[PDB]
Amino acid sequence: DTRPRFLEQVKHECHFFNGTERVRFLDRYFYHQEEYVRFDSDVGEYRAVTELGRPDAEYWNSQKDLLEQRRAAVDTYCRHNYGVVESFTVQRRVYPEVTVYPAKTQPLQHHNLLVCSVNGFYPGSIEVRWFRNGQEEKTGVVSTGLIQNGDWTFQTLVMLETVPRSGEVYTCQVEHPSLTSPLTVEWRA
């Protein structure tokens, strides 16, 4: 199929700062990826983003009834929906399962990678640190970064490049909003 495609998108965005203390509503219209007109509650009128949107900003800005609907949205729409969802979104807290397993950077002979697998958590902000004998190890650390699972959970792997020696204690430490103190998992050769 090579028939040309045409895409319209609309994003009605509600931005919250300190709960509902400060709220910004952004009504955004797109043709393919090009935002062409928007309503910003900071302005209170539509503005053309590109020349493609100038006819809509002129026309819609001429209709005071339309504008007052948009001007009310921070209250009637944003703050209302925030109230509806806040308890299972803003306040959602799922703590991570933490697994530590050894691996190899390339097929070698000896495991030379310690993987700290941090799975199933929400929200996304997390701090994962590696320790050797209680001193933090900051060199040779690499990660997948933060991975969305698409189901309201995240995961991340944080790997330490090291040749483990007997007598060494390795600790992966996880800090996350769902936790009241750091989660630590130990590993020994």
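One-based numbering along the sequence shown.
Peer 1: Which has the higher mean CA temperature factor in the PDB entry, 146-154 or 129-137?
Peer 2: For C-alpha atoms only, the mean B-factor is higher in 129-137.
Peer 1: Decide which of the stretches 83-91 and 68-76 has the higher mean C-alpha B-factor, going by the entry.
Peer 2: That would be 83-91.
Peer 1: Choose from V174, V10, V169, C14 the residue with the greatest Cα B-factor as stated in the PDB record.
Peer 2: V169 has the highest C-alpha B-factor of those listed.
Peer 1: What third of its chain, lowest, middle or highest, does the C-alpha temperature factor of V118 fall into?
Peer 2: As the PDB entry reports it, the C-alpha B-factor of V118 lands in the lowest third of its chain.
Peer 1: Using the B-factors in the PDB entry, rank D40's C-alpha atom against the chain and give the third, lowest, middle or highest.
Peer 2: According to the entry, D40 has a C-alpha B-factor in the chain's lowest third.
Peer 1: So where's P164 on the chain's Cα temperature factor ranking, which third?
Peer 2: It belongs to the highest third of the chain when residues are ordered by C-alpha B-factor.
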